[PDB]
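S.K.: Sharing an experimental structure here, sequence included.
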Amino acid sequence: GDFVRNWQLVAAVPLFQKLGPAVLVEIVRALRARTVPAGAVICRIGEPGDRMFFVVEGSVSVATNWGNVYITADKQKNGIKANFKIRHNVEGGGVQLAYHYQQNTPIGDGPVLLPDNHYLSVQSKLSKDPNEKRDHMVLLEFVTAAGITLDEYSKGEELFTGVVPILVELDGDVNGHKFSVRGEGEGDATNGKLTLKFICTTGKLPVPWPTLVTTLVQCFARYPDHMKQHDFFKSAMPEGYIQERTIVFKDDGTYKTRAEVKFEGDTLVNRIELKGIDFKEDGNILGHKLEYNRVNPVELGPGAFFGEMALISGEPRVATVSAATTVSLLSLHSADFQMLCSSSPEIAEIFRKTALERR
Ligand SMILES: Nc1ncnc2c1ncn2[C@@H]1O[C@@H]2COP(=O)(O)O[C@H]2[C@H]1O
């Protein structure tokens, strides 16, 4: 019943052809098949991991950790403040730190939610559209609020109950290099999910796309039920908020940004002015020495696997994995994973090395 199905499906996984038929029958009896709708989260970062997954149809996207955004109320200015560090990989190895200093002030006169101290967890995947000739960035992002212990007996939030279209506009000036970016896409606050594509409309971007991610809509963060009273960003909608930043690149220049974030009709719009000063023309930013996505460069399609890191290390999921298309999965529980690795040292090696490479 399920076995004839999983037996048919397991043919799409060439890793298992490293296996005799009697044993393969036993493995297929332990596999569980799953159809996953396009866009759905399969594994969430920080969750415990009791199984791993083999892709039989479709592809999945891995979104890796970008860090935490630490937020505090600014009750006297009726807004919030945030500070955090971004670690950009340098292409030859090493890291370029970007220290972020942030303040947000509502545009409207009405009261907003002024939160207790908390943070936003961000995971991201950066990619390219193989049919796009312009300089561009395709971006997938998950944003989750956390840091308030869950005791256990805003009107702006109802603007984000579904999928909201987003428009992003940036005029930049870095060491006199002027440039513009336009981006469009959609925000799903219910799942904390951003999917956008950005174009440099003036030609070649004079800085690396990863350094513009933070500047290019925290109102799409998923605030958990017990934290809805701490979501300043949605509470200031629809009139919106001003968001300003100082971004200090260690041993290099600084970005200063001012943005208007607000609804125009049904569309959440983010309009940005950015000025960069004191950059080194042969440094990591103006010299384009930062990795775009070498860490995590591809969706994982048929024959690939994920979820193996937690089973090897015992640590929680290190990344969020979501279906890019409709996905057909076979999952394998932890205990049967250890037996698979024991029965086939070849397969054990493939897992070991892949998990190392991904670490
Ligand atoms: N840089 C990466 N490239 C590809 N896949 C990854 C990367 N980082 C994590 N993963 C996968 O994402 C999974 C998330 O859950 P696990 O940590 O159990 O195991 C992880 C790997 O399978």
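M.R.: Ah, there it is. Residues are numbered from 1 along each chain as shown.
S.K.: hey, let's count contacts and neighbours off CA atoms from now on
M.R.: Will do.
S.K.: can you pull the contacts of residue 36?
M.R.: 42, 323, 326, 327, 328, 329 (CA atoms under 8 Å, 6 or more residues apart in numbering).
S.K.: would you turn the residues you listed into a markdown table with neighbour count and distance to the ligand?
M.R.: Shown next, in a markdown table, are these (neighbours: other CA atoms under 10 Å; distance: CA to the nearest ligand atom, whole Å):
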| residue | neighbour count | distance to the ligand |
| --- | --- | --- |
| 42 | 17 | 9 |
| 323 | 22 | 12 |
| 326 | 16 | 18 |
| 327 | 22 | 15 |
| 328 | 21 | 16 |
| 329 | 26 | 13 |
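S.K.: Name the helix or strand for the residue nearest to the spatial centre of the chain, please.
M.R.: Centroid-nearest residue in the chain: residue 124, 2.3 Å away (criterion: CA atoms, centre = their mean). Assessed by DSSP states H and E, residue 124 sits inside strand 118-127.
S.K.: which helices and strands sit right next to that strand?
M.R.: Secondary-structure packing of strand 118-127 (3 or more CA pairs under 8 Å, 6 or more residues apart in numbering; DSSP states H and E): strand 60-74, strand 136-146.
S.K.: contact partners of the helix or strand that the first one is followed by?
M.R.: Along the chain past strand 60-74, the next helix or strand (assigned with DSSP H and E) turns out to be strand 79-89. The contact list for strand 79-89, computed with CA under 8 Å, 6+ apart, reads 66-74, 95-106, 112, 114-115, 210-211, 232, 290-291.
S.K.: Run the chain-centre distance for strand 79-89.
M.R.: 15 Å (CA atoms, centre = their mean, to the nearest Å).
S.K.: how about that strand against the ligand, any contact?
M.R.: No: counting by CA under 6 Å from any ligand atom, the ligand is not contacted by strand 79-89; separation bottoms out at 12.2 Å.
S.K.: ok, that strand: who's next to it in the sheet?
M.R.: strand 60-74 (antiparallel), strand 95-106 (antiparallel) (DSSP bridges).
S.K.: Please report how far the residue nearest to the centre of the chain lies from the ligand.
M.R.: According to CA to the nearest ligand atom, to the nearest Å, residue 124 stands 11 Å off from the ligand.
S.K.: does that residue have beta-bridge partners, and which?
M.R.: residue 64, residue 141.
S.K.: Quick one: closest of the helices and strands packed on strand 118-127 to residue 296.
M.R.: strand 60-74 (7.3 Å; CA to CA).
S.K.: Give me the contacts around the closest one.
M.R.: So strand 60-74 is contacted by 79-87, 114-125, 140-142, 296, 298-301, 318-325, 327 (CA under 8 Å, 6+ apart).
S.K.: gap between it and the chain center?
M.R.: In this view, strand 60-74 has its centroid 8 Å away from the chain centroid, taken as CA atoms, centre = their mean.
S.K.: which phi and psi does residue 166 have?
M.R.: Backbone torsions of residue 166, given as degrees, to the nearest 10, read phi -130, psi 140.
S.K.: right, I mislabeled it, should have said residue 304
M.R.: According to degrees, to the nearest 10, residue 304 has phi -80, psi 170.
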